$ cat structure08.pdb   # PDB, C-alpha atoms (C1' of nucleotides) and all ligand atoms
MODEL        1
ATOM      1  CA  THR A   1      95.636  24.817  90.936
ATOM      2  CA  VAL A   2      99.349  24.988  91.788
ATOM      3  CA  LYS A   3      99.008  25.153  95.583
ATOM      4  CA  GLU A   4     101.098  22.030  96.329
ATOM      5  CA  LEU A   5     103.988  23.501  98.329
ATOM      6  CA  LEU A   6     102.509  26.999  98.790
ATOM      7  CA  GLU A   7     100.355  25.666 101.679
ATOM      8  CA  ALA A   8     102.044  27.947 104.221
ATOM      9  CA  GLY A   9      99.891  28.226 107.337
ATOM     10  CA  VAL A  10      97.060  25.803 106.515
ATOM     11  CA  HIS A  11      98.186  22.742 108.477
ATOM     12  CA  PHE A  12      97.799  24.617 111.787
ATOM     13  CA  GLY A  13      94.558  23.394 113.346
ATOM     14  CA  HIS A  14      92.960  24.200 116.674
ATOM     15  CA  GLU A  15      94.228  23.166 120.116
ATOM     16  CA  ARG A  16      94.112  19.722 121.735
ATOM     17  CA  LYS A  17      90.633  20.426 123.109
ATOM     18  CA  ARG A  18      87.680  21.881 121.165
ATOM     19  CA  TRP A  19      88.253  19.257 118.454
ATOM     20  CA  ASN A  20      86.072  16.552 116.902
ATOM     21  CA  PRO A  21      87.081  12.857 116.931
ATOM     22  CA  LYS A  22      85.537  12.336 113.478
ATOM     23  CA  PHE A  23      88.345  14.566 112.140
ATOM     24  CA  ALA A  24      91.093  12.203 113.348
ATOM     25  CA  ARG A  25      91.426  10.640 109.887
ATOM     26  CA  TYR A  26      92.540  14.014 108.479
ATOM     27  CA  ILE A  27      95.071  14.728 111.268
ATOM     28  CA  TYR A  28      98.777  13.942 110.925
ATOM     29  CA  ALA A  29     100.002  14.342 114.518
ATOM     30  CA  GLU A  30     100.012  16.713 117.511
ATOM     31  CA  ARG A  31     102.924  19.147 117.898
ATOM     32  CA  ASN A  32     103.019  21.160 121.145
ATOM     33  CA  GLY A  33      99.365  20.539 121.972
ATOM     34  CA  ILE A  34      98.045  21.668 118.573
ATOM     35  CA  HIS A  35      96.433  19.403 115.984
ATOM     36  CA  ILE A  36      98.185  19.551 112.611
ATOM     37  CA  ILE A  37      96.282  18.546 109.483
ATOM     38  CA  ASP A  38      97.574  15.683 107.350
ATOM     39  CA  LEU A  39      99.189  17.323 104.331
ATOM     40  CA  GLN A  40      98.578  14.368 101.998
ATOM     41  CA  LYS A  41      94.853  13.886 102.629
ATOM     42  CA  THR A  42      94.449  17.652 102.200
ATOM     43  CA  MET A  43      95.341  17.521  98.502
ATOM     44  CA  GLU A  44      93.691  14.090  98.277
ATOM     45  CA  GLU A  45      90.330  15.681  99.099
ATOM     46  CA  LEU A  46      91.252  18.857  97.201
ATOM     47  CA  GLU A  47      91.383  16.867  93.961
ATOM     48  CA  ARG A  48      87.788  15.668  94.336
ATOM     49  CA  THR A  49      86.513  18.975  95.738
ATOM     50  CA  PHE A  50      88.038  21.199  93.049
ATOM     51  CA  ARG A  51      86.926  18.669  90.426
ATOM     52  CA  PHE A  52      83.337  19.001  91.641
ATOM     53  CA  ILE A  53      83.764  22.790  91.661
ATOM     54  CA  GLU A  54      85.017  22.761  88.062
ATOM     55  CA  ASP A  55      82.180  20.480  86.949
ATOM     56  CA  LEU A  56      79.524  22.639  88.613
ATOM     57  CA  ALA A  57      81.116  25.863  87.338
ATOM     58  CA  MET A  58      81.447  24.886  83.673
ATOM     59  CA  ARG A  59      77.744  23.945  83.833
ATOM     60  CA  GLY A  60      76.777  27.490  84.846
ATOM     61  CA  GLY A  61      75.817  26.664  88.419
ATOM     62  CA  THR A  62      75.591  29.112  91.301
ATOM     63  CA  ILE A  63      77.572  28.685  94.528
ATOM     64  CA  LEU A  64      76.657  30.498  97.745
ATOM     65  CA  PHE A  65      79.608  31.630  99.864
ATOM     66  CA  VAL A  66      79.027  31.830 103.624
ATOM     67  CA  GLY A  67      81.527  33.635 105.837
ATOM     68  CA  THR A  68      80.953  35.183 109.264
ATOM     69  CA  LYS A  69      84.045  34.218 111.318
ATOM     70  CA  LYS A  70      85.179  37.912 111.354
ATOM     71  CA  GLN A  71      88.444  36.615 109.832
ATOM     72  CA  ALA A  72      86.993  35.808 106.387
ATOM     73  CA  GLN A  73      84.297  38.484 106.000
ATOM     74  CA  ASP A  74      86.394  40.979 104.022
ATOM     75  CA  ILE A  75      87.731  38.098 101.907
ATOM     76  CA  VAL A  76      84.383  36.534 100.972
ATOM     77  CA  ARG A  77      82.888  39.976 100.320
ATOM     78  CA  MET A  78      85.182  40.304  97.279
ATOM     79  CA  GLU A  79      86.060  36.745  96.218
ATOM     80  CA  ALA A  80      82.326  36.328  95.599
ATOM     81  CA  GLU A  81      82.096  39.914  94.311
ATOM     82  CA  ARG A  82      84.203  38.382  91.540
ATOM     83  CA  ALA A  83      82.389  35.868  89.273
ATOM     84  CA  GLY A  84      78.808  36.368  90.231
ATOM     85  CA  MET A  85      78.421  33.707  92.910
ATOM     86  CA  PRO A  86      76.415  35.319  95.768
ATOM     87  CA  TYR A  87      77.600  35.502  99.380
ATOM     88  CA  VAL A  88      76.516  35.984 102.995
ATOM     89  CA  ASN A  89      78.813  38.240 105.000
ATOM     90  CA  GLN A  90      77.416  39.804 108.183
ATOM     91  CA  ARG A  91      75.352  36.958 109.657
ATOM     92  CA  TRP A  92      73.396  33.980 108.353
ATOM     93  CA  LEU A  93      69.668  34.624 108.745
ATOM     94  CA  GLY A  94      67.561  31.665 109.851
ATOM     95  CA  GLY A  95      65.491  30.537 106.888
ATOM     96  CA  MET A  96      67.568  31.940 104.019
ATOM     97  CA  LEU A  97      67.082  28.595 102.218
ATOM     98  CA  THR A  98      64.105  26.723 103.693
ATOM     99  CA  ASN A  99      62.165  30.019 103.880
ATOM    100  CA  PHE A 100      63.778  31.383 100.711
ATOM    101  CA  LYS A 101      60.523  32.963  99.508
ATOM    102  CA  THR A 102      60.246  35.328 102.490
ATOM    103  CA  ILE A 103      63.885  36.410 102.215
ATOM    104  CA  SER A 104      63.279  37.004  98.504
ATOM    105  CA  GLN A 105      60.348  39.213  99.526
ATOM    106  CA  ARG A 106      62.816  41.152 101.675
ATOM    107  CA  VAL A 107      65.033  41.448  98.580
ATOM    108  CA  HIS A 108      62.025  42.755  96.653
ATOM    109  CA  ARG A 109      61.613  45.439  99.317
ATOM    110  CA  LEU A 110      65.341  46.194  98.985
ATOM    111  CA  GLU A 111      65.167  46.830  95.243
ATOM    112  CA  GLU A 112      61.872  48.680  95.779
ATOM    113  CA  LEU A 113      63.583  51.135  98.128
ATOM    114  CA  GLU A 114      66.485  51.375  95.674
ATOM    115  CA  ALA A 115      63.939  52.375  93.019
ATOM    116  CA  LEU A 116      62.352  54.935  95.355
ATOM    117  CA  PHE A 117      65.756  56.542  95.978
ATOM    118  CA  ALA A 118      66.248  56.683  92.193
ATOM    119  CA  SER A 119      62.877  58.288  91.428
ATOM    120  CA  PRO A 120      62.078  61.908  92.382
ATOM    121  CA  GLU A 121      59.720  60.545  95.080
ATOM    122  CA  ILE A 122      62.440  61.038  97.715
ATOM    123  CA  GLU A 123      61.115  64.475  98.720
ATOM    124  CA  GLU A 124      57.404  63.689  99.086
ATOM    125  CA  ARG A 125      56.244  62.065 102.333
ATOM    126  CA  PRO A 126      58.654  64.240 104.306
ATOM    127  CA  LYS A 127      61.864  63.695 106.231
ATOM    128  CA  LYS A 128      60.479  61.152 108.724
ATOM    129  CA  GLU A 129      60.175  58.544 105.976
ATOM    130  CA  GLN A 130      63.340  59.926 104.349
ATOM    131  CA  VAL A 131      65.205  58.745 107.468
ATOM    132  CA  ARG A 132      63.228  55.572 108.221
ATOM    133  CA  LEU A 133      63.551  54.178 104.697
ATOM    134  CA  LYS A 134      67.162  55.388 104.597
ATOM    135  CA  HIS A 135      68.117  53.311 107.646
ATOM    136  CA  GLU A 136      65.994  50.434 106.325
ATOM    137  CA  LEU A 137      67.855  50.424 103.003
ATOM    138  CA  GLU A 138      71.121  50.731 104.938
ATOM    139  CA  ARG A 139      70.497  47.560 106.938
ATOM    140  CA  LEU A 140      69.029  45.754 103.909
ATOM    141  CA  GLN A 141      72.278  46.414 102.044
ATOM    142  CA  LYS A 142      74.277  45.460 105.143
ATOM    143  CA  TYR A 143      72.676  42.021 105.453
ATOM    144  CA  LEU A 144      71.510  41.186 101.900
ATOM    145  CA  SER A 145      74.681  42.493 100.224
ATOM    146  CA  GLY A 146      75.557  39.364  98.256
ATOM    147  CA  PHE A 147      72.335  37.436  98.816
ATOM    148  CA  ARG A 148      70.413  39.741  96.448
ATOM    149  CA  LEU A 149      71.952  37.906  93.473
ATOM    150  CA  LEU A 150      70.229  34.573  94.215
ATOM    151  CA  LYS A 151      67.200  34.442  91.928
ATOM    152  CA  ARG A 152      66.519  30.813  92.906
ATOM    153  CA  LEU A 153      67.973  28.333  95.370
ATOM    154  CA  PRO A 154      71.721  27.827  94.829
ATOM    155  CA  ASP A 155      73.267  24.728  93.310
ATOM    156  CA  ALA A 156      75.925  24.467  96.055
ATOM    157  CA  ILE A 157      77.129  26.314  99.149
ATOM    158  CA  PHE A 158      80.680  27.111 100.273
ATOM    159  CA  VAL A 159      81.363  27.481 104.004
ATOM    160  CA  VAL A 160      84.491  28.760 105.746
ATOM    161  CA  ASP A 161      83.731  27.298 109.199
ATOM    162  CA  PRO A 162      80.985  24.634 109.299
ATOM    163  CA  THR A 163      80.898  24.889 113.107
ATOM    164  CA  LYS A 164      80.322  28.654 113.123
ATOM    165  CA  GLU A 165      77.869  28.400 110.192
ATOM    166  CA  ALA A 166      76.186  25.149 111.259
ATOM    167  CA  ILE A 167      72.696  26.561 110.610
ATOM    168  CA  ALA A 168      73.451  27.107 106.919
ATOM    169  CA  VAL A 169      74.913  23.599 106.684
ATOM    170  CA  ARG A 170      71.767  22.094 108.220
ATOM    171  CA  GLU A 171      69.517  24.075 105.871
ATOM    172  CA  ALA A 172      71.534  22.873 102.877
ATOM    173  CA  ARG A 173      71.243  19.263 104.069
ATOM    174  CA  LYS A 174      67.466  19.636 104.412
ATOM    175  CA  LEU A 175      67.201  20.664 100.742
ATOM    176  CA  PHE A 176      69.736  18.096  99.433
ATOM    177  CA  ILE A 177      72.137  20.916  98.506
ATOM    178  CA  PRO A 178      75.802  19.855  98.192
ATOM    179  CA  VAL A 179      77.927  21.337 100.978
ATOM    180  CA  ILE A 180      81.483  22.440 100.200
ATOM    181  CA  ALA A 181      83.304  23.534 103.333
ATOM    182  CA  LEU A 182      86.785  24.465 104.519
ATOM    183  CA  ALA A 183      86.707  22.272 107.614
ATOM    184  CA  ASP A 184      89.000  22.414 110.641
ATOM    185  CA  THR A 185      89.512  20.118 113.634
ATOM    186  CA  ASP A 186      86.468  21.639 115.398
ATOM    187  CA  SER A 187      83.911  20.388 112.853
ATOM    188  CA  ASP A 188      82.049  17.213 111.914
ATOM    189  CA  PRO A 189      83.275  15.982 108.494
ATOM    190  CA  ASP A 190      80.266  13.708 107.900
ATOM    191  CA  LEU A 191      77.920  16.656 107.321
ATOM    192  CA  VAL A 192      80.216  18.130 104.640
ATOM    193  CA  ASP A 193      79.786  16.564 101.206
ATOM    194  CA  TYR A 194      83.068  17.943  99.792
ATOM    195  CA  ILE A 195      85.604  18.591 102.554
ATOM    196  CA  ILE A 196      88.638  20.876 102.460
ATOM    197  CA  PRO A 197      90.672  20.080 105.607
ATOM    198  CA  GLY A 198      92.405  23.384 106.286
ATOM    199  CA  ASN A 199      92.618  26.224 108.807
ATOM    200  CA  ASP A 200      89.669  28.548 109.413
ATOM    201  CA  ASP A 201      91.274  31.049 111.825
ATOM    202  CA  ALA A 202      94.313  32.271 109.882
ATOM    203  CA  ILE A 203      93.799  34.755 107.068
ATOM    204  CA  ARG A 204      96.347  33.273 104.657
ATOM    205  CA  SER A 205      94.650  29.860 104.576
ATOM    206  CA  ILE A 206      91.249  31.340 103.724
ATOM    207  CA  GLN A 207      92.726  33.776 101.200
ATOM    208  CA  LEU A 208      94.715  31.034  99.458
ATOM    209  CA  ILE A 209      91.855  28.530  99.294
ATOM    210  CA  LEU A 210      89.148  30.996  98.243
ATOM    211  CA  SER A 211      91.381  32.772  95.718
ATOM    212  CA  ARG A 212      92.320  29.478  94.070
ATOM    213  CA  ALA A 213      88.668  28.376  94.171
ATOM    214  CA  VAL A 214      87.298  31.498  92.466
ATOM    215  CA  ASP A 215      90.184  31.281  89.992
ATOM    216  CA  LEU A 216      89.184  27.700  89.182
ATOM    217  CA  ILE A 217      85.577  28.880  88.813
ATOM    218  CA  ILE A 218      86.447  31.573  86.271
ATOM    219  CA  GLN A 219      88.837  29.153  84.543
ATOM    220  CA  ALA A 220      85.967  26.686  84.113
ATOM    221  CA  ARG A 221      84.014  29.408  82.260
ATOM    222  CA  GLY A 222      87.014  30.699  80.296
ATOM    223  CA  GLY A 223      88.631  34.115  80.522
ATOM    224  CA  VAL A 224      91.222  33.679  83.264
ATOM    225  CA  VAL A 225      91.099  36.706  85.560
ATOM    226  CA  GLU A 226      94.032  38.530  87.146
ATOM    227  CA  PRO A 227      95.123  37.597  90.689
ATOM    228  CA  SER A 228      92.489  38.689  93.178
ATOM    229  CA  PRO A 229      93.128  41.982  95.067
ATOM    230  CA  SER A 230      92.747  40.194  98.414
ATOM    231  CA  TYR A 231      96.455  40.157  99.306
ATOM    232  CA  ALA A 232      96.279  43.780 100.492
ATOM    233  CA  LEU A 233      93.753  42.552 103.083
ATOM    234  CA  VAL A 234      96.644  40.967 105.010
ATOM    235  CA  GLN A 235      97.133  44.222 106.969
TER     236      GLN A 235
ATOM    237  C1'   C B   1      26.888  49.993 126.613
ATOM    238  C1'   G B   2      29.890  49.448 131.476
ATOM    239  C1'   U B   3      34.218  46.942 132.948
ATOM    240  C1'   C B   4      39.462  45.185 133.448
ATOM    241  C1'   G B   5      41.851  49.512 130.537
ATOM    242  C1'   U B   6      44.913  54.389 127.068
ATOM    243  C1'   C B   7      46.431  48.965 130.423
ATOM    244  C1'   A B   8      51.097  47.136 126.392
ATOM    245  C1'   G B   9      49.244  43.787 124.865
ATOM    246  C1'   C B  10      46.691  39.643 121.527
ATOM    247  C1'   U B  11      47.743  36.887 117.354
ATOM    248  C1'   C B  12      48.853  35.221 112.237
ATOM    249  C1'   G B  13      51.865  33.591 107.581
ATOM    250  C1'   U B  14      56.299  30.890 106.281
ATOM    251  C1'   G B  15      60.651  28.674 108.373
ATOM    252  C1'   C B  16      62.804  26.113 112.542
ATOM    253  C1'   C B  17      62.555  22.896 117.449
ATOM    254  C1'   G B  18      59.405  18.941 120.023
ATOM    255  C1'   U B  19      56.189  12.160 119.373
ATOM    256  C1'   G B  20      52.690  15.713 121.198
ATOM    257  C1'   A B  21      49.891  19.882 124.033
ATOM    258  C1'   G B  22      53.151  23.573 122.380
ATOM    259  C1'   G B  23      57.768  26.614 121.738
ATOM    260  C1'   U B  24      60.520  30.054 118.777
ATOM    261  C1'   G B  25      59.214  34.987 116.695
ATOM    262  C1'   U B  26      56.840  38.262 121.380
ATOM    263  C1'   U B  27      62.825  35.981 125.097
ATOM    264  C1'   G B  28      67.471  39.059 125.839
ATOM    265  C1'   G B  29      70.754  44.017 126.539
ATOM    266  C1'   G B  30      69.855  49.537 125.958
ATOM    267  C1'   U B  31      65.432  52.957 125.589
ATOM    268  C1'   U B  32      60.544  55.054 125.692
ATOM    269  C1'   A B  33      54.253  57.280 127.679
ATOM    270  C1'   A B  34      54.056  52.456 124.807
ATOM    271  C1'   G B  35      55.500  44.915 121.600
ATOM    272  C1'   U B  36      58.359  53.099 121.125
ATOM    273  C1'   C B  37      62.775  52.546 118.861
ATOM    274  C1'   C B  38      67.998  50.604 118.827
ATOM    275  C1'   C B  39      71.373  46.305 119.225
ATOM    276  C1'   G B  40      71.567  41.140 119.477
ATOM    277  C1'   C B  41      69.209  36.569 118.064
ATOM    278  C1'   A B  42      66.476  30.233 113.942
ATOM    279  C1'   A B  43      64.157  33.240 112.796
ATOM    280  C1'   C B  44      62.049  36.563 108.464
ATOM    281  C1'   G B  45      57.808  39.394 107.917
ATOM    282  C1'   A B  46      52.715  40.788 108.842
ATOM    283  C1'   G B  47      47.729  41.875 111.118
ATOM    284  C1'   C B  48      44.585  43.867 115.167
ATOM    285  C1'   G B  49      46.678  47.505 119.089
ATOM    286  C1'   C B  50      50.693  51.988 120.190
ATOM    287  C1'   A B  51      51.720  56.338 117.801
ATOM    288  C1'   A B  52      50.282  59.244 113.430
ATOM    289  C1'   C B  53      46.407  61.081 110.048
ATOM    290  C1'   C B  54      40.893  64.497 112.869
ATOM    291  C1'   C B  55      39.129  68.375 116.440
ATOM    292  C1'   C B  56      40.171  72.363 120.282
ATOM    293  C1'   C B  57      43.738  75.798 122.718
ATOM    294  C1'   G B  58      48.848  78.178 122.210
ATOM    295  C1'   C B  59      52.627  82.298 117.664
ATOM    296  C1'   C B  60      52.468  84.330 112.735
ATOM    297  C1'   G B  61      50.798  85.132 107.770
ATOM    298  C1'   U B  62      47.219  85.271 103.328
ATOM    299  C1'   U B  63      42.245  86.300 101.944
ATOM    300  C1'   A B  64      37.488  89.666 103.716
ATOM    301  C1'   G B  65      35.319  94.243 106.663
ATOM    302  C1'   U B  66      27.214  96.120 109.128
ATOM    303  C1'   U B  67      32.925  93.478 114.550
ATOM    304  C1'   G B  68      36.644  96.619 115.891
ATOM    305  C1'   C B  69      40.224 102.004 116.702
ATOM    306  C1'   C B  70      41.061 110.747 117.725
ATOM    307  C1'   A B  71      45.597 103.628 116.022
ATOM    308  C1'   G B  72      44.505 108.920 111.894
ATOM    309  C1'   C B  73      42.233 113.426 110.953
ATOM    310  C1'   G B  74      37.289 116.394 110.700
ATOM    311  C1'   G B  75      32.376 117.020 112.886
ATOM    312  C1'   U B  76      30.496 115.746 118.034
ATOM    313  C1'   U B  77      23.719 116.261 121.230
ATOM    314  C1'   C B  78      31.547 114.101 122.805
ATOM    315  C1'   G B  79      27.610 107.666 123.058
ATOM    316  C1'   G B  80      32.684 104.380 117.358
TER     317        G B  80
HETATM  318  K     K A 301      64.017  13.969 123.118
HETATM  319  K     K A 302      63.449  44.248 125.871
HETATM  320 MG    MG A 303      49.218  54.293 126.070
HETATM  321 MG    MG A 304      54.482  29.625 113.637
HETATM  322 MG    MG A 305      60.383  17.407 124.860
HETATM  323 MG    MG A 306      57.562  18.272 113.892
HETATM  324 MG    MG A 307      52.587  30.159 117.394
HETATM  325 MG    MG A 308      54.566  33.083 122.201
HETATM  326 MG    MG A 309      59.880  33.060 125.578
HETATM  327 MG    MG A 310      55.148  47.542 116.551
HETATM  328 MG    MG A 311      64.096  39.246 117.906
HETATM  329 MG    MG A 312      25.937  91.454 110.843
HETATM  330 MG    MG A 313      31.493  92.833 109.881
ENDMDL
END

$ encode --input "structure08.pdb" --output "structure tokens"
Amino acid sequence: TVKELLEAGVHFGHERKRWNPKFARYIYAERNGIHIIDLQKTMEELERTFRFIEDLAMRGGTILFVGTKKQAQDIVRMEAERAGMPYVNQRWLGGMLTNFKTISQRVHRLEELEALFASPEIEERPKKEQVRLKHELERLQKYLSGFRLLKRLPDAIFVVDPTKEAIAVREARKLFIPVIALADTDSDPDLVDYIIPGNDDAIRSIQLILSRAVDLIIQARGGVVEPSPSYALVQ
RNA sequence: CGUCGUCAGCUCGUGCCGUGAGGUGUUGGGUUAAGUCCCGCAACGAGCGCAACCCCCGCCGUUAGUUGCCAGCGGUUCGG
């Protein structure tokens, strides 16, 4: 909530190509063939976006975090592992929202296998199943790591790159789900309901935005939490 | 009942794409006897198939000696 001047490394967009003309309103200028985001409109939209986040958080709503860009996976896997908003980390499975019932059946199988590895029934039905179900539970935890928390459809989604995660955006639009996204120059701003015009490639931009967002979430429900242990993920 | 053919296939549920017949999944890369499995993927699962569970032959044991052996000894018309 105090990220006015601390925006170090967010204004750097993508190159001259691979952009989207609809983003021109959020662009300041072009330095050395690289689009640079307008600093003013960034906080201009941040006001409205963080205000919507605070409103939805103090109401007890759930926000799905979607990150697959390989530069925000390790960040989302813990910023959502904070206050219980679920997340999608490895890859976004087609139908996680429009076919939510079938994915919830997969989650039922996940907790079923977790219960079988808690009961003494691990030894019966010998080692063949003890390896098959082991690998099955392994991949179910790999893909449904954060998704297992969604009991019903979420009240909003948070995307790190709406171009890389366009399928999730489309599925949210189909179900009238508000779409919060950290957009860059390579994305269509019209599809995003609450835009955050920043950088999606750098690690510091994602860490800053998501840390401040989860901090605002916990602040909307009281009990301000310590600074997130995501700085060590700079490496 | 024969046959394609023990061939590796044929479909469904939900989602998604297309005005629609339909497509996706079942395509792809690796792999196997196999739609076998792995990885990837707007798909996620499932059914009938594949394989497995059944029978026979291969090694060993337990249980039991009207089948078997001077394995072990005695008798022997010396033929367990
Ligand atoms: K068309
Ligand atoms: K193949
Ligand atoms: Mg065959
Ligand atoms: Mg179908
Ligand atoms: Mg057509
Ligand atoms: Mg249609
Ligand atoms: Mg079909
Ligand atoms: Mg087909
Ligand atoms: Mg095809
Ligand atoms: Mg199969
Ligand atoms: Mg596939
Ligand atoms: Mg007899
Ligand atoms: Mg006998």

$ axis_aligned_box --input "structure08.pdb" --around "stretch 104-122 of chain A" --padding-each-side "5 Å" --output "JSON"
{"center_x": 63.1, "center_y": 49.5, "center_z": 96.6, "size_x": 16.8, "size_y": 34.9, "size_z": 20.2}

$ closest_residue --input "structure08.pdb" --among "B:8, B:43, B:38, B:53" --to "ligand MG 304 (chain A)" --atoms "only C-alpha atoms (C1' of nucleotides) and all ligand atoms"
B:43

$ atom_distance --input "structure08.pdb" --atom1 "atom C1' of residue B:61" --atom2 "atom MG of ligand MG 312 (chain A)"
25.8 Å

$ resolve_selection --input "structure08.pdb" --expression "the PyMOL selection byres (((not hetatm)) within 7 of (chain A and resi 313))" --output "ChimeraX atom specification"
/B:65-67

$ atom_distance --input "structure08.pdb" --atom1 "atom CA of residue A:183" --atom2 "atom CA of residue A:76"
15.9 Å

$ residues_near_ligand --input "structure08.pdb" --ligand "ligand MG 309 (chain A)" --cutoff "8 Å" --atoms "all atoms listed in the file" --output "VMD selection string"
chain B and resid 23 to 24 26 to 27

$ resolve_selection --input "structure08.pdb" --expression "the PyMOL selection byres ((chain B) within 10 of (chain A and not hetatm))" --output "number ranges by chain"
B: 13-16, 41-45

$ atom_distance --input "structure08.pdb" --atom1 "atom CA of residue A:85" --atom2 "atom CA of residue A:65"
7.4 Å

$ closest_residue --input "structure08.pdb" --among "B:7, B:17, B:37, B:73" --to "ligand MG 310 (chain A)" --atoms "all atoms listed in the file"
B:37

$ closest_atom_pairs --input "structure08.pdb" --of "chain B" --to "ligand MG 303 (chain A)" --cutoff "7 Å" --atoms "only C-alpha atoms (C1' of nucleotides) and all ligand atoms" --output "tab-separated table"
residue	atom	partner	partner_atom	distance
B:6	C1'	A:MG303	MG	4.4
B:33	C1'	A:MG303	MG	6.1
B:34	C1'	A:MG303	MG	5.3
B:50	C1'	A:MG303	MG	6.5

$ resolve_selection --input "structure08.pdb" --expression "the PyMOL selection byres (((chain A and resi 168) around 12) and not hetatm)" --output "PDB file with C-alpha atoms (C1' of nucleotides), in the coordinates of the input"
ATOM      1  CA  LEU A  64      76.657  30.498  97.745  1.00  0.00           C
ATOM      2  CA  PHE A  65      79.608  31.630  99.864  1.00  0.00           C
ATOM      3  CA  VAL A  66      79.027  31.830 103.624  1.00  0.00           C
ATOM      4  CA  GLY A  67      81.527  33.635 105.837  1.00  0.00           C
ATOM      5  CA  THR A  68      80.953  35.183 109.264  1.00  0.00           C
ATOM      6  CA  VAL A  88      76.516  35.984 102.995  1.00  0.00           C
ATOM      7  CA  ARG A  91      75.352  36.958 109.657  1.00  0.00           C
ATOM      8  CA  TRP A  92      73.396  33.980 108.353  1.00  0.00           C
ATOM      9  CA  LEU A  93      69.668  34.624 108.745  1.00  0.00           C
ATOM     10  CA  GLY A  94      67.561  31.665 109.851  1.00  0.00           C
ATOM     11  CA  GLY A  95      65.491  30.537 106.888  1.00  0.00           C
ATOM     12  CA  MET A  96      67.568  31.940 104.019  1.00  0.00           C
ATOM     13  CA  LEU A  97      67.082  28.595 102.218  1.00  0.00           C
ATOM     14  CA  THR A  98      64.105  26.723 103.693  1.00  0.00           C
ATOM     15  CA  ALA A 156      75.925  24.467  96.055  1.00  0.00           C
ATOM     16  CA  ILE A 157      77.129  26.314  99.149  1.00  0.00           C
ATOM     17  CA  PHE A 158      80.680  27.111 100.273  1.00  0.00           C
ATOM     18  CA  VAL A 159      81.363  27.481 104.004  1.00  0.00           C
ATOM     19  CA  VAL A 160      84.491  28.760 105.746  1.00  0.00           C
ATOM     20  CA  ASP A 161      83.731  27.298 109.199  1.00  0.00           C
ATOM     21  CA  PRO A 162      80.985  24.634 109.299  1.00  0.00           C
ATOM     22  CA  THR A 163      80.898  24.889 113.107  1.00  0.00           C
ATOM     23  CA  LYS A 164      80.322  28.654 113.123  1.00  0.00           C
ATOM     24  CA  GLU A 165      77.869  28.400 110.192  1.00  0.00           C
ATOM     25  CA  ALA A 166      76.186  25.149 111.259  1.00  0.00           C
ATOM     26  CA  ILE A 167      72.696  26.561 110.610  1.00  0.00           C
ATOM     27  CA  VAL A 169      74.913  23.599 106.684  1.00  0.00           C
ATOM     28  CA  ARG A 170      71.767  22.094 108.220  1.00  0.00           C
ATOM     29  CA  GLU A 171      69.517  24.075 105.871  1.00  0.00           C
ATOM     30  CA  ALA A 172      71.534  22.873 102.877  1.00  0.00           C
ATOM     31  CA  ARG A 173      71.243  19.263 104.069  1.00  0.00           C
ATOM     32  CA  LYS A 174      67.466  19.636 104.412  1.00  0.00           C
ATOM     33  CA  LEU A 175      67.201  20.664 100.742  1.00  0.00           C
ATOM     34  CA  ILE A 177      72.137  20.916  98.506  1.00  0.00           C
ATOM     35  CA  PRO A 178      75.802  19.855  98.192  1.00  0.00           C
ATOM     36  CA  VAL A 179      77.927  21.337 100.978  1.00  0.00           C
ATOM     37  CA  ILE A 180      81.483  22.440 100.200  1.00  0.00           C
ATOM     38  CA  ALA A 181      83.304  23.534 103.333  1.00  0.00           C
ATOM     39  CA  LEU A 191      77.920  16.656 107.321  1.00  0.00           C
ATOM     40  CA  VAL A 192      80.216  18.130 104.640  1.00  0.00           C
TER      41      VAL A 192
ATOM     42  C1'   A B  42      66.476  30.233 113.942  1.00  0.00           C
TER      43        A B  42
END

$ closest_atom_pairs --input "structure08.pdb" --of "chain B" --to "ligand K 301 (chain A)" --cutoff "12 Å" --atoms "all atoms listed in the file" --output "tab-separated table"
residue	atom	partner	partner_atom	distance
B:17	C1'	A:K301	K	10.7
B:18	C1'	A:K301	K	7.5
B:19	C1'	A:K301	K	8.9
B:20	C1'	A:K301	K	11.6

$ residues_near_ligand --input "structure08.pdb" --ligand "ligand MG 310 (chain A)" --cutoff "9 Å" --atoms "all atoms listed in the file" --output "PDB file with C-alpha atoms (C1' of nucleotides), keeping the file's coordinate frame"
ATOM      1  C1'   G B  35      55.500  44.915 121.600  1.00  0.00           C
ATOM      2  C1'   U B  36      58.359  53.099 121.125  1.00  0.00           C
ATOM      3  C1'   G B  49      46.678  47.505 119.089  1.00  0.00           C
ATOM      4  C1'   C B  50      50.693  51.988 120.190  1.00  0.00           C
TER       5        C B  50
END

$ residues_near_point --input "structure08.pdb" --point "(76.1, 43.3, 109.4)" --cutoff "7 Å" --atoms "all atoms listed in the file" --output "ChimeraX atom specification"
/A:90-91,142-143

$ closest_residue --input "structure08.pdb" --among "B:32, B:63, B:3, B:11" --to "ligand MG 307 (chain A)" --atoms "all atoms listed in the file"
B:11

$ closest_residue --input "structure08.pdb" --among "B:4, B:56, B:39, B:69" --to "ligand K 302 (chain A)" --atoms "all atoms listed in the file"
B:39

$ residues_near_ligand --input "structure08.pdb" --ligand "ligand K 302 (chain A)" --cutoff "9 Å" --atoms "only C-alpha atoms (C1' of nucleotides) and all ligand atoms" --output "PyMOL selection string"
chain B and resi 27-31

$ residues_around --input "structure08.pdb" --residues "residue A:139" --least-positions-apart "6" --cutoff "10 Å" --atoms "only C-alpha atoms (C1' of nucleotides)" --output "list in words"
residues 110, 133 and 145 of chain A

$ closest_residue --input "structure08.pdb" --among "A:19, A:50, A:12, A:28" --to "residue A:215" --atoms "all atoms listed in the file"
A:50

$ residues_around --input "structure08.pdb" --residues "residue B:12" --least-positions-apart "6" --cutoff "12 Å" --atoms "only C-alpha atoms (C1' of nucleotides)" --output "PDB file with C-alpha atoms (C1' of nucleotides), keeping the file's coordinate frame"
ATOM      1  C1'   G B  25      59.214  34.987 116.695  1.00  0.00           C
ATOM      2  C1'   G B  45      57.808  39.394 107.917  1.00  0.00           C
ATOM      3  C1'   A B  46      52.715  40.788 108.842  1.00  0.00           C
ATOM      4  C1'   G B  47      47.729  41.875 111.118  1.00  0.00           C
ATOM      5  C1'   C B  48      44.585  43.867 115.167  1.00  0.00           C
TER       6        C B  48
END
